[PDB]
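Visitor: Data file coords12.tsv (TSV, C-alpha atoms) is appended below.
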```
chain	number	residue	atom	x	y	z
K	117	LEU	CA	0.00	0.00	0.00
K	118	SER	CA	2.90	2.45	0.78
K	119	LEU	CA	4.13	1.58	-2.78
K	120	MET	CA	0.84	2.37	-4.54
K	121	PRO	CA	1.15	5.39	-6.90
K	122	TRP	CA	-2.50	6.36	-6.16
K	123	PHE	CA	-2.08	6.26	-2.36
K	124	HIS	CA	-1.43	9.77	-1.00
K	125	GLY	CA	-1.57	8.93	2.71
K	126	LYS	CA	-2.36	11.77	5.10
K	127	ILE	CA	-3.54	14.58	2.83
K	128	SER	CA	-6.66	16.60	3.46
K	129	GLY	CA	-9.83	16.65	1.40
K	130	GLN	CA	-8.96	20.13	0.08
K	131	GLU	CA	-5.42	18.95	-0.93
K	132	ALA	CA	-7.00	15.94	-2.71
K	133	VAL	CA	-9.39	18.19	-4.74
K	134	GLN	CA	-6.41	20.38	-5.71
K	135	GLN	CA	-4.40	17.25	-6.77
K	136	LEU	CA	-7.24	16.21	-9.12
K	137	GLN	CA	-7.06	19.48	-11.17
K	138	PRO	CA	-7.27	19.87	-14.14
K	139	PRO	CA	-10.40	17.65	-14.32
K	140	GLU	CA	-9.96	14.31	-16.11
K	141	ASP	CA	-12.68	11.62	-15.87
K	142	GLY	CA	-11.41	8.62	-13.92
K	143	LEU	CA	-8.36	10.41	-12.45
K	144	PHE	CA	-8.17	9.25	-8.86
K	145	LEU	CA	-6.36	8.92	-5.60
K	146	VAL	CA	-6.88	7.38	-2.16
K	147	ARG	CA	-6.22	9.28	1.07
K	148	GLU	CA	-6.41	8.49	4.76
K	149	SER	CA	-9.47	9.77	6.66
K	150	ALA	CA	-8.56	12.14	9.53
K	151	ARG	CA	-12.10	12.13	11.12
K	152	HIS	CA	-12.40	8.30	10.82
K	153	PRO	CA	-8.99	6.86	11.93
K	154	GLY	CA	-8.08	3.85	9.80
K	155	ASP	CA	-10.65	4.55	7.09
K	156	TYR	CA	-9.89	5.95	3.66
K	157	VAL	CA	-11.39	8.19	1.07
K	158	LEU	CA	-11.37	7.39	-2.63
K	159	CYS	CA	-11.37	10.68	-4.63
K	160	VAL	CA	-12.29	10.54	-8.28
K	161	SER	CA	-12.63	13.23	-10.95
K	162	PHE	CA	-15.98	12.97	-12.83
K	163	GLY	CA	-17.87	15.54	-14.91
K	164	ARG	CA	-15.36	18.31	-13.85
K	165	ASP	CA	-16.20	17.61	-10.14
K	166	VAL	CA	-14.34	15.55	-7.50
K	167	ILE	CA	-16.50	12.78	-6.04
K	168	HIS	CA	-15.46	11.47	-2.61
K	169	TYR	CA	-16.21	7.96	-1.39
K	170	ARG	CA	-15.69	6.88	2.16
K	171	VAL	CA	-14.00	3.46	2.36
K	172	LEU	CA	-15.55	1.74	5.40
K	173	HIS	CA	-14.44	-1.30	7.41
K	174	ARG	CA	-16.92	-4.19	7.74
K	175	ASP	CA	-15.82	-7.52	9.33
K	176	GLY	CA	-12.13	-6.59	8.75
K	177	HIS	CA	-12.91	-6.00	5.04
K	178	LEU	CA	-13.15	-2.72	3.09
K	179	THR	CA	-16.19	-1.42	1.25
K	180	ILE	CA	-17.71	1.65	-0.40
K	181	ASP	CA	-21.25	0.39	-1.20
K	182	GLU	CA	-21.74	-2.26	1.57
K	183	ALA	CA	-22.55	-4.78	-1.25
K	184	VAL	CA	-19.02	-5.57	-2.49
K	185	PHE	CA	-16.19	-5.99	0.08
K	186	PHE	CA	-12.46	-6.39	-0.31
K	187	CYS	CA	-9.50	-7.60	1.71
K	188	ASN	CA	-7.43	-4.59	0.84
K	189	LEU	CA	-7.37	-1.30	-1.10
K	190	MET	CA	-5.33	-2.72	-3.94
K	191	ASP	CA	-8.04	-5.28	-4.78
K	192	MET	CA	-10.67	-2.53	-4.43
K	193	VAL	CA	-8.87	-0.19	-6.87
K	194	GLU	CA	-8.17	-3.05	-9.38
K	195	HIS	CA	-11.95	-3.88	-9.25
K	196	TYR	CA	-13.16	-0.29	-9.84
K	197	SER	CA	-10.67	0.03	-12.71
K	198	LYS	CA	-12.45	-2.86	-14.48
K	199	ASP	CA	-16.05	-1.77	-13.81
K	200	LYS	CA	-17.55	1.27	-12.06
K	201	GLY	CA	-20.07	-0.73	-9.97
K	202	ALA	CA	-21.61	1.66	-7.40
K	203	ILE	CA	-19.20	4.53	-8.10
K	204	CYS	CA	-19.71	7.25	-10.74
K	205	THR	CA	-17.04	6.16	-13.31
K	206	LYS	CA	-14.23	3.60	-13.69
K	207	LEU	CA	-10.90	4.39	-12.10
K	208	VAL	CA	-8.46	5.17	-14.85
K	209	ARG	CA	-5.26	7.16	-14.23
K	210	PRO	CA	-3.69	7.13	-10.75
K	211	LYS	CA	-2.78	10.64	-9.66
K	212	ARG	CA	0.80	10.15	-8.44
K	213	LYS	CA	1.99	11.55	-5.06
```
Any chance you could put this one into structure tokens?
Guide:
Amino acid sequence: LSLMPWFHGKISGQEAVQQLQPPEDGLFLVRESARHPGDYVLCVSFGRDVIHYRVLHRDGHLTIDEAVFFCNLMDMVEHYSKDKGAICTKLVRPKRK
């Protein structure tokens, strides 16, 4: 996870929105949640906006939609790069840190 190009660690929501400019559909990053210790936020550029998804923990697993769960963030990002599922658009380019 420390080696993931899309993982920006402890950056704020405002810093994440600034990182995802100029808008590019599917441009994305993952950050750590400050208000929810241990949780994450997946930030994705869509329709010139930045959409934020809280990544929750359920039974040790990770989830955005509480329908599909993953063991780790890497499997979650690989999934949402193949099909958008519950999120607005597929993950395409990782915004590098």
Visitor: What separation in Å, quoted to one decimal, exists between atom CA of residue K:133 and atom CA of residue K:176?
Guide: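 Calculated distance between atom CA of residue K:133 and atom CA of residue K:176 is 28.3 Å.
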Visitor: Measuring between only C-alpha atoms, which one of K:120, K:213, K:169, K:142 shows the shortest distance to residue K:198?
Guide: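 Selected residue with least distance to residue K:198: K:142.
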Visitor: Go ahead and compute the interatomic distance for atom CA of residue K:119 and atom CA of residue K:209, in Å to one decimal.
Guide: 15.8 Å
Visitor: List the neighbours of stretch 178-192 of chain K out to 9 Å using all atoms listed in the file; skip same-chain residues closer than 4 positions along the sequence, and give me the result as a ChimeraX atom specification.
Guide: /K:117,120,146,155,158,169-174,196-197,201-203
Visitor: Could you please take those selected residues and save C-alpha atoms as an mmCIF file, in the coordinates of the input?
Guide:
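Written file, selection08.cif:
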```cif
data_model
loop_
_atom_site.group_PDB
_atom_site.id
_atom_site.type_symbol
_atom_site.label_atom_id
_atom_site.label_comp_id
_atom_site.auth_asym_id
_atom_site.auth_seq_id
_atom_site.Cartn_x
_atom_site.Cartn_y
_atom_site.Cartn_z
ATOM 1 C CA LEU K 117 0.000 0.000 0.000
ATOM 2 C CA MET K 120 0.840 2.370 -4.540
ATOM 3 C CA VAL K 146 -6.880 7.380 -2.160
ATOM 4 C CA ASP K 155 -10.650 4.550 7.090
ATOM 5 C CA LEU K 158 -11.370 7.390 -2.630
ATOM 6 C CA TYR K 169 -16.210 7.960 -1.390
ATOM 7 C CA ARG K 170 -15.690 6.880 2.160
ATOM 8 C CA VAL K 171 -14.000 3.460 2.360
ATOM 9 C CA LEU K 172 -15.550 1.740 5.400
ATOM 10 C CA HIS K 173 -14.440 -1.300 7.410
ATOM 11 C CA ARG K 174 -16.920 -4.190 7.740
ATOM 12 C CA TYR K 196 -13.160 -0.290 -9.840
ATOM 13 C CA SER K 197 -10.670 0.030 -12.710
ATOM 14 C CA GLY K 201 -20.070 -0.730 -9.970
ATOM 15 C CA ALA K 202 -21.610 1.660 -7.400
ATOM 16 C CA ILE K 203 -19.200 4.530 -8.100
#
```
Visitor: Using only C-alpha atoms for the distances, tell me which of K:152, K:194, K:167, K:162 is nearest to residue K:132.
Guide: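 The answer is K:167, which sits nearest to residue K:132.
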Visitor: State, in Å with one decimal place, the distance from atom CA of residue K:137 to atom CA of residue K:206.
Guide: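 About the pair atom CA of residue K:137 and atom CA of residue K:206: they are 17.6 Å apart.
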Visitor: So which one's closest to residue K:141, K:168, K:193, K:163, K:200? Using all atoms listed in the file, please.
Guide: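 Once distances to residue K:141 are computed over all atoms listed in the file, the minimum belongs to K:163.
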Visitor: Which residue gives the smallest distance to residue K:122 among K:145, K:157, K:166, K:136, with all atoms listed in the file counted?
Guide: K:145
Visitor: Quick one: of K:208, K:129, K:165, K:134, who's nearest to residue K:151, counting only C-alpha atoms?
Guide: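 Using only C-alpha atoms, the shortest distance to residue K:151 belongs to K:129.
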Visitor: Do you know which residues are at most 6 Å from residue K:210 counting all atoms listed in the file, after dropping those on the same chain fewer than 2 positions away, and could you put them as a list in words?
Guide: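 Counting only the stated atoms, we get residues 122, 143, 144 and 212 of chain K.
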Visitor: Name the closest residue to residue K:148 among the candidates K:118, K:161, K:135, K:126; distances are taken between atoms, counting only C-alpha atoms.
Guide: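 Closest residue, counting only C-alpha atoms: K:126.
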Visitor: Missing atoms in stretch 131-150 of chain K need filling: write out N, CA, C and O atoms for it as a tab-separated table (two decimals), in the coordinates of the input.
Guide:
```tsv
chain	number	residue	atom	x	y	z
K	131	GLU	N	-6.65	19.29	-0.18
K	131	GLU	CA	-5.42	18.95	-0.93
K	131	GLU	C	-5.75	17.93	-2.02
K	131	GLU	O	-5.29	18.06	-3.16
K	132	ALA	N	-6.61	16.95	-1.70
K	132	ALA	CA	-7.00	15.94	-2.71
K	132	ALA	C	-7.72	16.58	-3.91
K	132	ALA	O	-7.37	16.28	-5.04
K	133	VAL	N	-8.66	17.50	-3.66
K	133	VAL	CA	-9.39	18.19	-4.74
K	133	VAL	C	-8.38	18.95	-5.59
K	133	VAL	O	-8.45	18.88	-6.81
K	134	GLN	N	-7.41	19.66	-4.94
K	134	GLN	CA	-6.41	20.38	-5.71
K	134	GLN	C	-5.54	19.44	-6.56
K	134	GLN	O	-5.20	19.81	-7.68
K	135	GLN	N	-5.21	18.25	-6.04
K	135	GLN	CA	-4.40	17.25	-6.77
K	135	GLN	C	-5.10	16.74	-8.02
K	135	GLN	O	-4.44	16.40	-9.00
K	136	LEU	N	-6.44	16.71	-8.00
K	136	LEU	CA	-7.24	16.21	-9.12
K	136	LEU	C	-7.69	17.32	-10.08
K	136	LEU	O	-8.73	17.17	-10.74
K	137	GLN	N	-6.88	18.40	-10.20
K	137	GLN	CA	-7.06	19.48	-11.17
K	137	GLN	C	-5.84	19.50	-12.08
K	137	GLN	O	-4.72	19.34	-11.59
K	138	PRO	N	-6.01	19.66	-13.41
K	138	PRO	CA	-7.27	19.87	-14.14
K	138	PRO	C	-8.15	18.64	-14.19
K	138	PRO	O	-7.63	17.51	-14.11
K	139	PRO	N	-9.50	18.82	-14.30
K	139	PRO	CA	-10.40	17.65	-14.32
K	139	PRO	C	-10.09	16.69	-15.46
K	139	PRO	O	-9.72	17.12	-16.56
K	140	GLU	N	-10.23	15.39	-15.17
K	140	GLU	CA	-9.96	14.31	-16.11
K	140	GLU	C	-10.77	13.11	-15.61
K	140	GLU	O	-10.45	12.59	-14.54
K	141	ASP	N	-11.84	12.72	-16.34
K	141	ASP	CA	-12.68	11.62	-15.87
K	141	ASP	C	-11.86	10.37	-15.54
K	141	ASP	O	-10.99	9.97	-16.32
K	142	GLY	N	-12.10	9.82	-14.35
K	142	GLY	CA	-11.41	8.62	-13.92
K	142	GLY	C	-10.08	8.86	-13.24
K	142	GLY	O	-9.49	7.92	-12.72
K	143	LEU	N	-9.59	10.12	-13.19
K	143	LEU	CA	-8.36	10.41	-12.45
K	143	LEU	C	-8.68	10.25	-10.97
K	143	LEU	O	-9.75	10.67	-10.53
K	144	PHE	N	-7.81	9.58	-10.23
K	144	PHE	CA	-8.17	9.25	-8.86
K	144	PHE	C	-7.00	9.13	-7.92
K	144	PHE	O	-5.85	8.93	-8.32
K	145	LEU	N	-7.34	9.18	-6.64
K	145	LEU	CA	-6.36	8.92	-5.60
K	145	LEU	C	-7.09	8.36	-4.40
K	145	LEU	O	-8.31	8.48	-4.28
K	146	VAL	N	-6.33	7.80	-3.45
K	146	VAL	CA	-6.88	7.38	-2.16
K	146	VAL	C	-6.12	8.09	-1.07
K	146	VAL	O	-4.89	8.18	-1.15
K	147	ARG	N	-6.85	8.61	-0.07
K	147	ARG	CA	-6.22	9.28	1.07
K	147	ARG	C	-6.71	8.67	2.36
K	147	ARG	O	-7.74	8.00	2.35
K	148	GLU	N	-6.01	8.95	3.45
K	148	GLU	CA	-6.41	8.49	4.76
K	148	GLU	C	-7.45	9.45	5.31
K	148	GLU	O	-7.33	10.67	5.10
K	149	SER	N	-8.45	8.93	6.02
K	149	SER	CA	-9.47	9.77	6.66
K	149	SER	C	-8.94	10.28	8.01
K	149	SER	O	-8.51	9.47	8.85
K	150	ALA	N	-8.99	11.61	8.24
K	150	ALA	CA	-8.56	12.14	9.53
K	150	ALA	C	-9.68	11.99	10.58
K	150	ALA	O	-9.39	11.57	11.71
```
